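# Breakdown of the fold
Take a look at the letters that make up each chain.
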Amino acid sequence: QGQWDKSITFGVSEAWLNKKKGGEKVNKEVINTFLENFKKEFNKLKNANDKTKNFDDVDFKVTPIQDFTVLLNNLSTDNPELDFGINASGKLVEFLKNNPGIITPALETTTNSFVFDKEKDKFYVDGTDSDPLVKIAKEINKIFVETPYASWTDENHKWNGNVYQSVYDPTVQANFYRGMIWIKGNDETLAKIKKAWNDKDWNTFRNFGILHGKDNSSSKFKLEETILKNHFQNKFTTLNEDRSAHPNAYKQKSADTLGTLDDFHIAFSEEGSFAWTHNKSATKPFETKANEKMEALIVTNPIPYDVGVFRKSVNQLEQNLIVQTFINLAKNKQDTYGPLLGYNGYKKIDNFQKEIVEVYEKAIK
Ligand SMILES: Cc1ncc(C[n+]2csc(CCOP(=O)(O)OP(=O)(O)O)c2C)c(N)n1
Ligand SMILES: [Ca+2]
Ligand SMILES: [Cl-]
């Protein structure tokens, strides 16, 4: 059933942990009270239960990790110095396809729903104006274009240091997230792009210039690739092959810089990424030339939110207490770390294949 481990180490993003807010390291103070709250609730549950109270009390710590490849690789070695971490779901499903059973997924995060995307079960249909993913994109434009983002204020949109709270409905927890496709130009260019989209003219559409993230990203590459393949039926095989033949039509850069590239007019991003991007930042995110606008074209199919995974030999009883400690901390509003990453709630995973793998595979098909 695995070994009881009296020391539990959470892997966290190195870049996040050393985050200096005025030379200070706030996140480090944030994670220590989280850890202190976690230890006390965990050991309370453990000692309250007859099956686990005779095991040693457990101490919790964190360790900084470079990136998610080191997290998954490190966990798969099943070394007690690193026991648990939370990873994007698509990347994890891809890892476990290669090397099945090597690590153990156990909990699912949830995030406050966007006011414009409260229902999971909207999928691509045909990319026309009655397509449910196009309808969500129109709702996003009402929020981001009609009431222009550049003029939002911290008080207007309830900025809390973390996110713009006015674009969220915390009463509804979303089981999922989506990517989205942005388009940018003056009036004539926007119309030309929508025409190429409606005419399913791939070559013209792609030649407007596509900004994308890394090849292994779900929400900045793969989910969009799926929509494009389904909309422009049989016109290219994969975005990587297409790029190979048309390298100047593609650039790896964040969508919020799209306004600064005169040569590019299409960009991939996570849905609603402006919601956690302060419009007053030095980089001037989402800014565009005077007579140009940036707007949403369509969003993607949905995939699960991030997943917490264990090295394989942590005792099963211990795993379940840790899972329930995350859930109760969030309920008691004692989770000071999660909300900073977008994790506003937690759920136990009862069936990985049904709840995570199948949901992801249907979205990229
Ligand atoms: C406060 C806050 N809310 C939400 C986010 C966004 N977010 C957190 S976890 C997650 C899901 C996994 O996304 P990502 O790690 O970018 O993996 P990818 O889609 O690139 O594979 C997202 C979109 C954030 N960075 N900050
Ligand atoms: Ca350990
Ligand atoms: Cl119990």
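So, a few notes on the structure that sits alongside this text.

Rules of the game
Residues numbered from 1 in each chain as written, not as in the entry; some residues may be left out. Chains lettered and ligands numbered in written order. Heavy atoms only, no water. Near = heavy atom within 4 Å. Polar contact = N/O pair within 3.5 Å; in protein donor to acceptor, adjacent residues only side chain to side chain. Areas by Shrake-Rupley, 256 points an atom, 1.4 Å probe, with all protein chains shown as cover. Helix = DSSP H or I, 4+ residues; strand = E, 2+ residues; numbered from the N terminus. Nonpolar A, V, L, I, M, F, W, Y, C, P; charged D, E, K, R; others polar. Domains from an automatic or database assignment. Pairing = 2+ DSSP bridges. Axes fitted to C-alpha atoms, helices over the stretch in contact; angles between N-to-C directions. Contact = heavy atoms within 4.5 Å.

## Structural notes on the site of ligand 1
The full set close to ligand 1 counts 17 residues, and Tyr177, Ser217, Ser218, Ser219 and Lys220 are the nearest of them. Between ligand 1 and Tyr177 there is a distance of 2.6 Å, counted from an oxygen atom to a side-chain nitrogen or oxygen. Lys220 places a polar side-chain atom, nitrogen or oxygen, 2.8 Å from an oxygen atom of ligand 1. Relative to its free-state accessible area of 600 Å², ligand 1 is covered by the protein chains to the extent of 82%. No other element matches the three residues that helix α8 (residues 218-231) contributes to the shell around ligand 1. For the shell around ligand 1, the per-class residue count stands at eight nonpolar, five polar and four charged. Here the shell around ligand 1 spans two domains, and each of domain 1 (1-114 + 304-365) and domain 2 (115-303) adds at least three residues to it.

## Looking at the sheet that holds strand β10 (residues 266-270)
The pairing of strands in a sheet comes from backbone hydrogen bonds and takes either a parallel or an antiparallel form. Strand order across the open sheet formed by five strands is β9-β8-β10-β7-β11, with mixed pairing between neighbours. A strand with exactly one partner marks an edge of an open sheet, and here the two such strands are β9 (250-252) and β11 (293-299). Here the strands of the sheet are splayed against their neighbours by 30° on average, with no regard to which way each runs. For strand β8 (residues 210-212) and β10, the ladder comprises two bridges, and the chain directions are parallel. Within β10, the residue paired with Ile210 across the bridge is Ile266. Sheet strands in contact with helix α5 (residues 132-146) are β7 (179-185) and β11, and its direction is about 155° off that of β11. The sheet contacts of α8 involve β7, β8, β10 and β11, and relative to β10 the element is tilted by about 120°.

## A short note on the side chain of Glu270
Inspection of the secondary structure assignment puts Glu270 in strand β10. There is a polar contact of 2.7 Å between the side chain of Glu270 and the side chain of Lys220. Discounting chain neighbours no more than four positions away, the residues touching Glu270 are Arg178, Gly179, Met180, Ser219, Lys220 and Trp276.

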